[PDB]
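Coming up is one lone chain in structure tokens, specifically the form deposited in one PDB entry.
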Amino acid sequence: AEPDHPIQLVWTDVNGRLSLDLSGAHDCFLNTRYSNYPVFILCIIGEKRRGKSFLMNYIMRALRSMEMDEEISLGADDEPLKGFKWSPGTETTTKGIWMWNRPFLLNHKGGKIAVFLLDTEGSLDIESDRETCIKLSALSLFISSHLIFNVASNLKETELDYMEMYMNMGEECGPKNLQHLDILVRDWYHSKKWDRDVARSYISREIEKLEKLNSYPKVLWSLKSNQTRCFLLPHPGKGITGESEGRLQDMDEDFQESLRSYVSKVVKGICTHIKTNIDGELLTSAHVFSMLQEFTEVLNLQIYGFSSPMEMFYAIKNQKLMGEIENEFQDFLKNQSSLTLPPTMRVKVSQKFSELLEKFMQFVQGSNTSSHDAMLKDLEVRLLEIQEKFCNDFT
């Protein structure tokens, strides 16, 4: 693809593996015009269909106007919105991670900062594997020097559950290593009261709530640090939801005011959030990709098995059942008399074996026949091992 187009930096393959584009994306970071500039890396993550691409496109306008006149402008009132793909409706757009395929070059200290923008697949989409999207979000969190966590309406169990998962995908993703985080609450219920003091007061309330829980130590660390801020945008109005060119004139008045304020904060903060490497040196473009590769390999090394809560509950209970059945077998073997003749013992062990396979199937929970078969085969393998060793030793 040619410059000034989104390109897909990361995608997911059949087997849930994260794959980087080692050509186009790689070459994008290593262009010799800016490869040695310090970078600012802005990533956005969060729930699907909540205006992430839309917001990135408006930030992009501000970056281009900064590139041009060193002034922040969100464009003319009738200019339709373009850039990353953004669309109304329920169906899914962004898959994997997309980036704008050129940096925006901003003036800094007699030099330049190369600004890269990453747009991440939305969470809570049942057509994608949730673990896959957790990994994509964690990757965006790791590489970011400014992370936007786009939140629908308010912080809920869902957003805390997910950010805590993102921050556990290796020590690279822990809150102390996250240079800067915006908790950006879209569709804030109050179109008039959305400023910095409202947001800080809101987070202080939330910290009070989290102090009473065990579930979110990493998010709690983040909210208490100087590395995380909250911003609020009211609802944009029905001229922006549904069929829309995404124009400034289409926006609710209070939405446009908060949007202009927020985008300006982001842009003006760029020089204070230059990306750093592990050791705190300023990272250049020419080394972002190496970092992306290394952590993609880390993320591909483990399967966590994140699933729906009912399936994880069934997994816990069924794993407990397997262990109980194995222990029941072990106890049964330990209780046999050493004076029984070997062939009579083999029949008795064999019958208990079969009986315990039946017991597993009678108590296994859930309706996934495929999963049941795999677990039963594993139990049969463990029980056969135990049986084999007991019966060879028994004389």
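Just count from 1 along the sequence shown to find any residue number. Rigid core: the largest C-alpha set superposing within 1.5 Å between the two forms.
We do not show the form deposited in another entry, though everything after this point is about it.
Q: Tell me, with the core superposed, which single residue in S308, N107, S264, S290 has its C-alpha moved by at least 2 Å between this form and the one not shown.
A: Going through each option, the one that shifts is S308.
Q: With both forms fitted on the core, give yes or no for whether the Cα of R17 moves by 2 angstroms or more between this form and the one not shown.
A: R17: C-alpha displaced by less than 2 Å between this form and the one not shown.
Q: Superposed on the rigid core, does the Cα of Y166 end up 2 angstroms or more away between this form and the one not shown?
A: Yes, the C-alpha position differs by at least 2 Å between this form and the one not shown.
Q: With both forms fit on the core, is the shift of the CA atom of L30 between this form and the one not shown 2 Å or larger?
A: No; that C-alpha moves by less than 2 Å between this form and the one not shown.
Q: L147 to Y162, Cα distance in the other form relative to here: closer or farther, by 3 Å or more?
A: It is closer: the C-alpha separation of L147 and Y162 falls by at least 3 Å in the other form.
Q: Considering a change of 3 Å or more, are the Cα atoms of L18 and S308 closer or farther in the other form than here?
A: Relative to the shown form, the pair is closer.
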